[PDB]
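Student:
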Amino acid sequence: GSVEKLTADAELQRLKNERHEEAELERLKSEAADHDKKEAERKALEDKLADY
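Under the deposited numbering, residues 1 to 52 are what the sequence shown spells out, in order.
#1: Can you tell me where the alpha helix (DSSP H) holding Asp36 begins and where it ends?
#2: With H, G and I counted as helix, E and B as strand and the rest as coil, what does DSSP make of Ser2?
#3: Going straight from the alpha carbon of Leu45 to that of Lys38, what length do you get?
What follows is the structure, encoded as structure tokens:
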């Protein structure tokens, strides 16, 4: 594919730097943080359908 010859995979290498041991454990804690969207529902009451 000569992908490495085009250095097109250079962008992929940058993503690897973002990955870390903490990131792997982040998914385990993401389970409790996945309820953040539900909390946004409470804020919807503030709109009170003001925007009709």
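Virtual Cβ for every residue (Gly too), placed ideally from N, Cα, C.
Tutor: Let's see:
#1: 36-47
#2: coil
#3: 13 Å
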